[PDB]
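Chemist: The following file, final13.csv, comprises CSV, N, CA and C atoms:
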chain,number,residue,atom,x,y,z
A,1,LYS,N,77.2,107.6,29.6
A,1,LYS,CA,76.4,106.5,30.1
A,1,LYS,C,77.0,106.0,31.4
A,2,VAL,N,76.1,105.8,32.4
A,2,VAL,CA,76.5,105.1,33.6
A,2,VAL,C,76.0,103.7,33.5
A,3,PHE,N,76.9,102.8,33.3
A,3,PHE,CA,76.5,101.4,33.3
A,3,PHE,C,76.1,100.8,34.6
A,4,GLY,N,75.2,99.8,34.6
A,4,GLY,CA,75.0,99.0,35.8
A,4,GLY,C,76.1,97.9,35.8
A,5,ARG,N,76.4,97.3,37.0
A,5,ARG,CA,77.5,96.4,37.1
A,5,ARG,C,77.3,95.2,36.2
A,6,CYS,N,76.2,94.5,36.2
A,6,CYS,CA,76.0,93.4,35.4
A,6,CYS,C,75.9,93.8,33.9
A,7,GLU,N,75.3,94.9,33.6
A,7,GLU,CA,75.3,95.4,32.3
A,7,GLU,C,76.7,95.5,31.7
A,8,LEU,N,77.6,96.1,32.5
A,8,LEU,CA,78.9,96.3,32.0
A,8,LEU,C,79.6,95.0,31.9
A,9,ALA,N,79.4,94.1,32.8
A,9,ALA,CA,80.0,92.8,32.8
A,9,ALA,C,79.7,92.1,31.5
A,10,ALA,N,78.4,92.2,31.1
A,10,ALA,CA,78.0,91.5,29.9
A,10,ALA,C,78.6,92.0,28.6
A,11,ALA,N,78.7,93.3,28.6
A,11,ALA,CA,79.3,94.0,27.5
A,11,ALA,C,80.8,93.8,27.4
A,12,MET,N,81.5,93.8,28.5
A,12,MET,CA,82.9,93.5,28.5
A,12,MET,C,83.2,92.0,28.0
A,13,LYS,N,82.4,91.1,28.4
A,13,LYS,CA,82.5,89.7,28.0
A,13,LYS,C,82.2,89.6,26.5
A,14,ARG,N,81.1,90.3,26.1
A,14,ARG,CA,80.8,90.3,24.6
A,14,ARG,C,82.0,90.7,23.8
A,15,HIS,N,82.7,91.7,24.2
A,15,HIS,CA,83.9,92.2,23.5
A,15,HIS,C,85.2,91.5,23.8
A,16,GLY,N,85.1,90.4,24.6
A,16,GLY,CA,86.2,89.5,24.8
A,16,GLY,C,87.2,89.9,25.9
A,17,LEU,N,86.8,90.6,26.9
A,17,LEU,CA,87.7,90.9,28.0
A,17,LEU,C,87.8,89.8,29.1
A,18,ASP,N,86.8,88.9,29.1
A,18,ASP,CA,86.9,87.8,30.1
A,18,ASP,C,88.1,86.9,29.8
A,19,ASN,N,89.0,86.9,30.7
A,19,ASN,CA,90.3,86.2,30.7
A,19,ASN,C,91.2,86.7,29.6
A,20,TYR,N,91.0,87.9,29.1
A,20,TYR,CA,91.9,88.5,28.2
A,20,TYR,C,93.3,88.8,28.8
A,21,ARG,N,94.4,88.3,28.3
A,21,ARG,CA,95.7,88.2,28.9
A,21,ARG,C,95.7,87.6,30.2
A,22,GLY,N,94.8,86.7,30.5
A,22,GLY,CA,94.7,85.9,31.7
A,22,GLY,C,93.9,86.6,32.8
A,23,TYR,N,93.3,87.8,32.5
A,23,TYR,CA,92.6,88.5,33.5
A,23,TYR,C,91.2,88.2,33.5
A,24,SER,N,90.6,87.6,34.6
A,24,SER,CA,89.2,87.2,34.7
A,24,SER,C,88.3,88.5,34.7
A,25,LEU,N,87.1,88.3,34.3
A,25,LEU,CA,86.2,89.4,34.0
A,25,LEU,C,86.0,90.3,35.2
A,26,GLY,N,86.0,89.7,36.4
A,26,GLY,CA,85.8,90.6,37.6
A,26,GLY,C,87.0,91.6,37.7
A,27,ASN,N,88.2,91.3,37.3
A,27,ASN,CA,89.2,92.3,37.3
A,27,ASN,C,88.8,93.5,36.5
A,28,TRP,N,88.2,93.3,35.3
A,28,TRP,CA,87.8,94.4,34.4
A,28,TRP,C,86.7,95.3,35.0
A,29,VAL,N,85.7,94.6,35.5
A,29,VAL,CA,84.5,95.3,36.2
A,29,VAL,C,85.0,96.0,37.4
A,30,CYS,N,85.9,95.4,38.2
A,30,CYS,CA,86.4,96.1,39.4
A,30,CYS,C,87.2,97.3,38.9
A,31,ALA,N,88.0,97.2,37.9
A,31,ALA,CA,88.8,98.3,37.4
A,31,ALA,C,87.9,99.4,37.0
A,32,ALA,N,86.8,99.1,36.2
A,32,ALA,CA,85.9,100.2,35.8
A,32,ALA,C,85.2,100.8,36.9
A,33,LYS,N,84.9,100.0,37.9
A,33,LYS,CA,84.2,100.6,39.1
A,33,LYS,C,85.0,101.7,39.7
A,34,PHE,N,86.3,101.5,39.9
A,34,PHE,CA,87.1,102.4,40.7
A,34,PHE,C,87.9,103.4,39.9
A,35,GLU,N,88.0,103.1,38.6
A,35,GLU,CA,88.6,104.1,37.7
A,35,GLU,C,87.5,105.1,37.4
A,36,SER,N,86.3,104.7,37.0
A,36,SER,CA,85.3,105.6,36.5
A,36,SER,C,84.0,105.5,37.2
A,37,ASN,N,83.8,104.7,38.2
A,37,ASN,CA,82.4,104.5,38.8
A,37,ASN,C,81.4,104.1,37.7
A,38,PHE,N,81.9,103.4,36.7
A,38,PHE,CA,81.0,102.9,35.6
A,38,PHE,C,80.5,104.0,34.7
A,39,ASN,N,81.1,105.1,34.7
A,39,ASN,CA,80.6,106.3,33.9
A,39,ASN,C,81.5,106.5,32.7
A,40,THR,N,81.0,106.3,31.5
A,40,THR,CA,81.8,106.4,30.3
A,40,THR,C,82.3,107.8,30.1
A,41,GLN,N,81.6,108.8,30.6
A,41,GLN,CA,82.0,110.2,30.4
A,41,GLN,C,83.0,110.7,31.3
A,42,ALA,N,83.5,110.0,32.3
A,42,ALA,CA,84.5,110.4,33.3
A,42,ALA,C,85.8,110.9,32.6
A,43,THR,N,86.3,112.0,33.0
A,43,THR,CA,87.6,112.5,32.7
A,43,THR,C,88.3,113.1,33.9
A,44,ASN,N,89.6,113.0,33.9
A,44,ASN,CA,90.4,113.5,35.0
A,44,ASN,C,91.8,114.0,34.5
A,45,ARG,N,92.2,115.2,34.8
A,45,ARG,CA,93.5,115.7,34.4
A,45,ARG,C,94.6,115.2,35.3
A,46,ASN,N,95.7,115.0,34.8
A,46,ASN,CA,96.9,114.5,35.4
A,46,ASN,C,98.0,115.6,35.4
A,47,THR,N,99.0,115.5,36.3
A,47,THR,CA,100.0,116.5,36.5
A,47,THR,C,100.9,116.7,35.3
A,48,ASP,N,101.1,115.7,34.5
A,48,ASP,CA,102.0,115.9,33.4
A,48,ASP,C,101.3,116.6,32.2
A,49,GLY,N,100.1,117.0,32.4
A,49,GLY,CA,99.3,117.7,31.4
A,49,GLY,C,98.5,116.8,30.5
A,50,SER,N,98.5,115.5,30.7
A,50,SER,CA,97.6,114.5,30.1
A,50,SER,C,96.3,114.5,30.9
A,51,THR,N,95.4,113.8,30.3
A,51,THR,CA,94.0,113.5,30.8
A,51,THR,C,93.7,112.0,30.6
A,52,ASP,N,93.0,111.5,31.6
A,52,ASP,CA,92.4,110.1,31.5
A,52,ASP,C,91.0,110.2,31.1
A,53,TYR,N,90.5,109.3,30.2
A,53,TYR,CA,89.2,109.4,29.6
A,53,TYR,C,88.5,108.0,29.7
A,54,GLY,N,87.2,108.1,30.1
A,54,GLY,CA,86.3,107.0,29.9
A,54,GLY,C,86.2,106.0,31.1
A,55,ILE,N,85.5,104.9,30.7
A,55,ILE,CA,85.2,103.9,31.7
A,55,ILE,C,86.4,103.3,32.3
A,56,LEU,N,87.5,103.2,31.6
A,56,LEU,CA,88.8,102.7,32.0
A,56,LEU,C,89.9,103.8,32.0
A,57,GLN,N,89.5,105.1,31.9
A,57,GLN,CA,90.5,106.1,32.3
A,57,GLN,C,91.8,106.0,31.5
A,58,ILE,N,91.6,105.9,30.2
A,58,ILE,CA,92.7,105.7,29.2
A,58,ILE,C,93.4,107.1,28.9
A,59,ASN,N,94.7,107.1,28.9
A,59,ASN,CA,95.5,108.3,29.1
A,59,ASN,C,95.9,108.9,27.7
A,60,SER,N,95.8,110.3,27.6
A,60,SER,CA,96.1,111.0,26.5
A,60,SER,C,97.6,111.2,26.2
A,61,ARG,N,98.5,110.7,27.0
A,61,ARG,CA,100.0,110.8,26.7
A,61,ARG,C,100.3,109.7,25.7
A,62,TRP,N,99.9,108.5,26.0
A,62,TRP,CA,100.3,107.3,25.3
A,62,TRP,C,99.2,106.8,24.3
A,63,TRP,N,97.9,106.9,24.6
A,63,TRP,CA,97.0,106.0,24.0
A,63,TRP,C,96.0,106.7,23.0
A,64,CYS,N,95.5,107.8,23.4
A,64,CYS,CA,94.5,108.6,22.6
A,64,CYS,C,95.0,110.0,22.4
A,65,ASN,N,94.4,110.6,21.4
A,65,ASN,CA,94.7,112.0,21.1
A,65,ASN,C,93.7,113.0,21.6
A,66,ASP,N,94.1,114.0,22.5
A,66,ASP,CA,93.1,115.0,22.9
A,66,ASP,C,93.6,116.4,22.5
A,67,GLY,N,94.7,116.5,21.7
A,67,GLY,CA,95.1,117.7,21.1
A,67,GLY,C,95.7,118.7,22.0
A,68,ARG,N,95.9,118.5,23.3
A,68,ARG,CA,96.5,119.4,24.2
A,68,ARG,C,97.6,118.8,25.1
A,69,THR,N,98.0,117.5,24.8
A,69,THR,CA,98.8,116.8,25.7
A,69,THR,C,100.3,116.7,25.1
A,70,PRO,N,101.2,117.3,25.8
A,70,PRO,CA,102.6,117.2,25.3
A,70,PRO,C,103.0,115.7,25.3
A,71,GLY,N,103.9,115.3,24.3
A,71,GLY,CA,104.4,114.0,24.2
A,71,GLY,C,103.5,112.9,23.6
A,72,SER,N,102.3,113.3,23.1
A,72,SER,CA,101.3,112.4,22.7
A,72,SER,C,101.8,111.4,21.6
A,73,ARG,N,101.5,110.1,21.8
A,73,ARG,CA,101.8,109.1,20.9
A,73,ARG,C,100.6,108.4,20.2
A,74,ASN,N,99.4,108.6,20.8
A,74,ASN,CA,98.2,108.1,20.2
A,74,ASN,C,98.2,106.7,19.7
A,75,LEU,N,98.7,105.8,20.5
A,75,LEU,CA,99.0,104.4,20.1
A,75,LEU,C,97.7,103.6,19.8
A,76,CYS,N,96.6,104.1,20.3
A,76,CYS,CA,95.3,103.4,19.9
A,76,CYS,C,94.7,104.1,18.7
A,77,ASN,N,95.3,105.1,18.2
A,77,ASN,CA,94.9,105.8,17.0
A,77,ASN,C,93.4,106.2,17.0
A,78,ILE,N,93.1,107.0,18.0
A,78,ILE,CA,91.7,107.3,18.4
A,78,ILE,C,91.7,108.7,19.1
A,79,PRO,N,90.7,109.5,18.7
A,79,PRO,CA,90.4,110.7,19.6
A,79,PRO,C,90.0,110.2,20.9
A,80,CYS,N,90.5,110.9,22.0
A,80,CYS,CA,90.1,110.6,23.3
A,80,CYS,C,88.6,110.7,23.5
A,81,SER,N,87.9,111.5,22.7
A,81,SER,CA,86.4,111.7,22.9
A,81,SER,C,85.7,110.5,22.6
A,82,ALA,N,86.2,109.7,21.7
A,82,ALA,CA,85.6,108.4,21.3
A,82,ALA,C,85.6,107.5,22.5
A,83,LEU,N,86.5,107.7,23.5
A,83,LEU,CA,86.5,106.9,24.7
A,83,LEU,C,85.5,107.3,25.7
A,84,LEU,N,84.6,108.2,25.3
A,84,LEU,CA,83.6,108.7,26.3
A,84,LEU,C,82.2,108.2,25.9
A,85,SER,N,82.1,107.5,24.8
A,85,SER,CA,80.8,107.1,24.2
A,85,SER,C,80.1,106.1,25.0
A,86,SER,N,78.8,106.0,24.7
A,86,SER,CA,77.9,105.1,25.4
A,86,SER,C,78.3,103.6,25.0
A,87,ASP,N,78.8,103.5,23.8
A,87,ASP,CA,79.3,102.3,23.2
A,87,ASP,C,80.7,102.0,23.6
A,88,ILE,N,81.0,101.0,24.4
A,88,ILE,CA,82.4,100.9,24.9
A,88,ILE,C,83.4,100.2,24.0
A,89,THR,N,83.1,99.9,22.8
A,89,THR,CA,84.0,99.2,21.8
A,89,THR,C,85.3,99.9,21.7
A,90,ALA,N,85.4,101.2,21.6
A,90,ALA,CA,86.7,101.8,21.4
A,90,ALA,C,87.6,101.7,22.7
A,91,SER,N,87.0,102.0,23.8
A,91,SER,CA,87.6,101.8,25.1
A,91,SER,C,88.1,100.3,25.3
A,92,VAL,N,87.3,99.3,24.9
A,92,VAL,CA,87.8,98.0,25.1
A,92,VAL,C,88.9,97.7,24.1
A,93,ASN,N,88.8,98.0,22.8
A,93,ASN,CA,89.9,97.8,21.9
A,93,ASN,C,91.2,98.4,22.4
A,94,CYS,N,91.1,99.6,22.9
A,94,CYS,CA,92.3,100.3,23.4
A,94,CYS,C,92.8,99.6,24.7
A,95,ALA,N,91.9,99.2,25.6
A,95,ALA,CA,92.4,98.6,26.8
A,95,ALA,C,93.1,97.3,26.5
A,96,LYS,N,92.6,96.6,25.4
A,96,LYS,CA,93.3,95.4,25.1
A,96,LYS,C,94.8,95.6,24.7
A,97,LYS,N,95.0,96.7,24.0
A,97,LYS,CA,96.4,97.0,23.7
A,97,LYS,C,97.2,97.5,24.9
A,98,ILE,N,96.6,98.2,25.8
A,98,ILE,CA,97.3,98.7,27.0
A,98,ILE,C,97.7,97.5,27.9
A,99,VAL,N,96.8,96.6,28.1
A,99,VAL,CA,97.0,95.4,29.0
A,99,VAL,C,98.1,94.5,28.4
A,100,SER,N,98.3,94.7,27.1
A,100,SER,CA,99.3,93.9,26.3
A,100,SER,C,100.7,94.5,26.3
A,101,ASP,N,100.9,95.6,26.9
A,101,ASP,CA,102.1,96.5,26.6
A,101,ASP,C,103.3,96.1,27.4
A,102,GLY,N,103.2,95.4,28.5
A,102,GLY,CA,104.3,95.0,29.4
A,102,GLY,C,103.9,94.9,30.9
A,103,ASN,N,103.2,95.9,31.4
A,103,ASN,CA,102.8,95.9,32.8
A,103,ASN,C,101.5,95.3,33.1
A,104,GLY,N,100.8,94.7,32.1
A,104,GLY,CA,99.4,94.1,32.4
A,104,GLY,C,98.5,95.2,32.9
A,105,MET,N,97.7,94.7,33.9
A,105,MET,CA,96.6,95.6,34.4
A,105,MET,C,97.2,96.6,35.4
A,106,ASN,N,98.5,96.5,35.7
A,106,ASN,CA,99.1,97.5,36.6
A,106,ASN,C,99.1,98.9,36.0
A,107,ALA,N,98.9,99.0,34.7
A,107,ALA,CA,98.6,100.3,34.0
A,107,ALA,C,97.5,101.1,34.6
A,108,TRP,N,96.5,100.4,35.3
A,108,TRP,CA,95.4,100.9,35.9
A,108,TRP,C,95.6,101.1,37.4
A,109,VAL,N,95.9,102.3,37.9
A,109,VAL,CA,96.2,102.6,39.2
A,109,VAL,C,95.1,102.1,40.2
A,110,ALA,N,93.9,102.4,39.8
A,110,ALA,CA,92.8,102.0,40.7
A,110,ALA,C,92.6,100.5,40.8
A,111,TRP,N,92.8,99.8,39.6
A,111,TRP,CA,92.9,98.3,39.7
A,111,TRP,C,94.1,97.9,40.7
A,112,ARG,N,95.3,98.4,40.5
A,112,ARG,CA,96.4,98.0,41.3
A,112,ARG,C,96.1,98.2,42.7
A,113,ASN,N,95.5,99.3,43.1
A,113,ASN,CA,95.3,99.6,44.5
A,113,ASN,C,94.1,99.1,45.2
A,114,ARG,N,93.1,98.8,44.4
A,114,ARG,CA,91.8,98.4,44.9
A,114,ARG,C,91.2,97.1,44.5
A,115,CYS,N,91.8,96.5,43.4
A,115,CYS,CA,91.3,95.3,42.8
A,115,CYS,C,92.3,94.1,42.9
A,116,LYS,N,93.5,94.4,42.5
A,116,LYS,CA,94.6,93.5,42.5
A,116,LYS,C,94.7,92.7,43.8
A,117,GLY,N,94.6,91.4,43.6
A,117,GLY,CA,94.8,90.5,44.8
A,117,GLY,C,93.5,90.3,45.6
A,118,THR,N,92.4,91.0,45.2
A,118,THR,CA,91.2,90.8,46.0
A,118,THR,C,90.3,89.8,45.3
A,119,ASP,N,89.1,89.5,45.9
A,119,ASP,CA,88.2,88.5,45.3
A,119,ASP,C,87.4,89.2,44.2
A,120,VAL,N,88.0,89.3,43.0
A,120,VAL,CA,87.4,90.2,42.0
A,120,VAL,C,86.2,89.6,41.4
A,121,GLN,N,86.0,88.3,41.5
A,121,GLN,CA,84.8,87.6,40.9
A,121,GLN,C,83.6,88.0,41.7
A,122,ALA,N,83.7,88.6,42.9
A,122,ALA,CA,82.6,89.2,43.6
A,122,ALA,C,81.9,90.3,42.7
A,123,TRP,N,82.7,90.9,41.8
A,123,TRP,CA,82.1,91.9,41.0
A,123,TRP,C,81.1,91.4,39.9
A,124,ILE,N,81.1,90.1,39.6
A,124,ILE,CA,80.1,89.6,38.7
A,124,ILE,C,79.1,88.7,39.5
A,125,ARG,N,79.1,88.8,40.8
A,125,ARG,CA,78.1,88.0,41.5
A,125,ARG,C,76.7,88.4,41.1
A,126,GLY,N,75.7,87.5,40.9
A,126,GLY,CA,74.4,87.9,40.7
A,126,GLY,C,74.1,88.1,39.2
A,127,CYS,N,75.1,88.2,38.4
A,127,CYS,CA,74.9,88.5,36.9
A,127,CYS,C,74.7,87.1,36.2
A,128,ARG,N,73.9,87.3,35.2
A,128,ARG,CA,73.5,86.2,34.3
A,128,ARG,C,74.2,86.4,32.9
Hey, can you dump this file as structure tokens for me?

Modeler:
Amino acid sequence: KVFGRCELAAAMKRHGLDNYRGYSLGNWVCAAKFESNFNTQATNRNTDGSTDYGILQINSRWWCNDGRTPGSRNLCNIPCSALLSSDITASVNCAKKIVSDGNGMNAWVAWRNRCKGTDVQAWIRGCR
């Protein structure tokens, strides 16, 4: 599923990401925009042999199991494929643990490089 901007905003809010660990909702929408272009089915392989999955590009080394990643810890206790679903519940549940781990949203490279320090509330402009 490719979410619309406000659609995704409303869903992320529903699942409690708005100011989760102090991060305003526009951070999360911006993160999804540039990690996945709002597409829940996005996947991308990484040099260490892991893969990033879903709307927030959650990694198979630490967080989810994809069966082919050396060093896998599966700390969200979930198959990576669950992170590709139209329903973003599993991605949000796992992202909450990621953002809680020590480095906050810096775990998301696209957020760090394209969202962090910007006017992220622009990402929910227009939304009801």

Chemist: What are the closest atom pairs, with distances in Å to one decimal, for all residues of range 20-100 of chain A lying within 8 Å of range 5-11 of chain A? Consider only N, CA and C atoms, order rows by chain and residue number, and present the result as a tab-separated table.

Modeler:
residue	atom	partner	partner_atom	distance
A:25	C	A:9	CA	6.9
A:26	N	A:9	CA	7.7
A:28	C	A:9	CA	7.5
A:29	CA	A:9	CA	6.2
A:38	CA	A:5	N	7.4
A:88	CA	A:11	C	7.7
A:89	N	A:11	C	8.0

Chemist: Residue 111 in chain A: which residues within 6.5 Å, counting all atoms listed in the file, same-chain residues fewer than 4 positions away excluded, as a PyMOL selection string?

Modeler: chain A and resi 30-31+34-35+105-106+115-116

Chemist: Using DSSP on the backbone coordinates, identify the residues of chain A assigned to strand (DSSP E); present them as a list in words.

Modeler: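 Those in chain A that DSSP calls strand (DSSP E) are residues 43, 44, 45, 51, 52, 53, 58 and 59 of chain A.
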
Chemist: Do you have the atom C of residue 44 in chain A-atom C of residue 121 in chain A distance handy?

Modeler: 28.2 Å

Chemist: Tell me which protein, DNA and RNA residues are within 9 Å of range 70-73 of chain A, counting only C-alpha atoms, leaving out same-chain ones fewer than 2 positions away, and put them as an MDAnalysis selection string.

Modeler: chainID A and resid 48:50 60:68 75:77

Chemist: Tell me, as an mmCIF file with N, CA and C atoms, in the frame of the given file, which residues lie within 8 Å of residue 54 in chain A, counting only C-alpha atoms; anything in the same chain fewer than 2 positions away does not count.

Modeler:
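This is the output file out02.cif:
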data_model
loop_
_atom_site.group_PDB
_atom_site.id
_atom_site.type_symbol
_atom_site.label_atom_id
_atom_site.label_comp_id
_atom_site.auth_asym_id
_atom_site.auth_seq_id
_atom_site.Cartn_x
_atom_site.Cartn_y
_atom_site.Cartn_z
ATOM 1 N N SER A 36 86.300 104.700 37.000
ATOM 2 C CA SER A 36 85.300 105.600 36.500
ATOM 3 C C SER A 36 84.000 105.500 37.200
ATOM 4 N N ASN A 39 81.100 105.100 34.700
ATOM 5 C CA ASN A 39 80.600 106.300 33.900
ATOM 6 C C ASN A 39 81.500 106.500 32.700
ATOM 7 N N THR A 40 81.000 106.300 31.500
ATOM 8 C CA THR A 40 81.800 106.400 30.300
ATOM 9 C C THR A 40 82.300 107.800 30.100
ATOM 10 N N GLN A 41 81.600 108.800 30.600
ATOM 11 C CA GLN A 41 82.000 110.200 30.400
ATOM 12 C C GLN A 41 83.000 110.700 31.300
ATOM 13 N N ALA A 42 83.500 110.000 32.300
ATOM 14 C CA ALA A 42 84.500 110.400 33.300
ATOM 15 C C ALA A 42 85.800 110.900 32.600
ATOM 16 N N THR A 43 86.300 112.000 33.000
ATOM 17 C CA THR A 43 87.600 112.500 32.700
ATOM 18 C C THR A 43 88.300 113.100 33.900
ATOM 19 N N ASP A 52 93.000 111.500 31.600
ATOM 20 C CA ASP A 52 92.400 110.100 31.500
ATOM 21 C C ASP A 52 91.000 110.200 31.100
ATOM 22 N N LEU A 56 87.500 103.200 31.600
ATOM 23 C CA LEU A 56 88.800 102.700 32.000
ATOM 24 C C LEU A 56 89.900 103.800 32.000
ATOM 25 N N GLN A 57 89.500 105.100 31.900
ATOM 26 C CA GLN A 57 90.500 106.100 32.300
ATOM 27 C C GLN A 57 91.800 106.000 31.500
ATOM 28 N N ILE A 58 91.600 105.900 30.200
ATOM 29 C CA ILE A 58 92.700 105.700 29.200
ATOM 30 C C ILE A 58 93.400 107.100 28.900
ATOM 31 N N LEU A 83 86.500 107.700 23.500
ATOM 32 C CA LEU A 83 86.500 106.900 24.700
ATOM 33 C C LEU A 83 85.500 107.300 25.700
ATOM 34 N N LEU A 84 84.600 108.200 25.300
ATOM 35 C CA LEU A 84 83.600 108.700 26.300
ATOM 36 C C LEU A 84 82.200 108.200 25.900
ATOM 37 N N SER A 85 82.100 107.500 24.800
ATOM 38 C CA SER A 85 80.800 107.100 24.200
ATOM 39 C C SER A 85 80.100 106.100 25.000
ATOM 40 N N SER A 91 87.000 102.000 23.800
ATOM 41 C CA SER A 91 87.600 101.800 25.100
ATOM 42 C C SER A 91 88.100 100.300 25.300
#

Chemist: So how far away is atom C of residue 119 in chain A from atom C of residue 103 in chain A, in Å?

Modeler: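 The value is 19.0 Å.
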